[PDB]
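First, one chain by itself in structure tokens, the form deposited in one PDB entry.
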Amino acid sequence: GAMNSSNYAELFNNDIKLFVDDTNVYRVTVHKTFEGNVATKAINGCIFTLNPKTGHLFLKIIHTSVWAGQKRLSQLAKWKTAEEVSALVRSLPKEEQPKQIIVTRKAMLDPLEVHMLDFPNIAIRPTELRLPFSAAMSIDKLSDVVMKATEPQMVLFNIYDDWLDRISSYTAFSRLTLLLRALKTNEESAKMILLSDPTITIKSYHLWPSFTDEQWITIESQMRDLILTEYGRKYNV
């Protein structure tokens, strides 16, 4: 059934699973035409498919050419996401294929279900959690690879960097969702927080800075402060 606070630690057991988020698949800018009408221009996009246990991120870049000549792009986006998750599973060895796929939005259930009808032993699940994966495009290196792509392309990342060397996957997912929640509520502050100290760098093969354990606790606290605050600045409290 649905994934919620009550069955949260299931994400970190030894059953392979993937989150699929489609928020950033179909992305547009809205602008005025010379005639004063409004028009959209699509920009590149991405499917965010994440193993929460390992940190393995399969970032499927969605190049604007996939929309050319198509109608009803919001609906098509969901089916395209489903088509791409489906070939990802088909290309992976049987022992790596997920036993569950959890979608962050319920409108992905029916698309993913038809695409995987010949995979009856993979459970497709929704969730009641309001996970902040849309903020994935606020991670500079992921935004960069999406925007520079000139053709469809799959890029593999570990979104936990090397954290699993020192913390458990439960703690690594909690850190990740805190960072993404922060970047989603106030991207500028969040980024200032992460990059304030010039001496802490991001390794070429990482996405985030090389914080010590002590520094991560400071950072995490600073991100909590931000989230409560903006929640004040928002509801005035």
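Numbering starts at 1 and follows the sequence shown. Here, rigid core means the biggest group of C-alpha atoms that superpose within 1.5 Å across both forms.
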Per-stretch CA RMS vs shown form in 9 other deposited structures of this protein, rigid core as reference, larger of 195-203/36-44 is 36-44
Taking RMS over all structures and residues, which stretch has CA atoms farther from the shown form in 9 other deposited structures of this protein, 225-233 or 12-20, after a rigid core fit?
225-233
Highest mean C-alpha temperature factor of the two stretches 13-21 and 223-231, which is it?
223-231
Give the stretch, out of 84-92 and 144-152, with the larger mean C-alpha temperature factor in the deposited entry.
144-152
Out of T49, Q70, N37, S65, residue topping the C-alpha B-factor column of the entry:
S65
Of the choices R27, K60, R181, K203, which one's C-alpha carries the largest B-factor in the record?
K203
Can you tell me which third, lowest, middle or highest, the CA B-factor of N186 falls into for its chain?
highest
For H31, the third of its chain by CA B-factor is the highest
Chain thirds of CA B-factor: placement of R125:
middle
Entry-reported Cα temperature factor of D110, expressed as the chain third it lands in:
highest
Using the temperature factors of the C-alpha atoms in this entry, rank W208 within its chain: lowest, middle or highest third.
middle
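Quick note: we don't show the form deposited with a small molecule bound, though the next part is all about it.
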From the list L109, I122, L129, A149, which entry has a heavy atom within 4.5 Å of the small molecule in the deposited complex?
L129
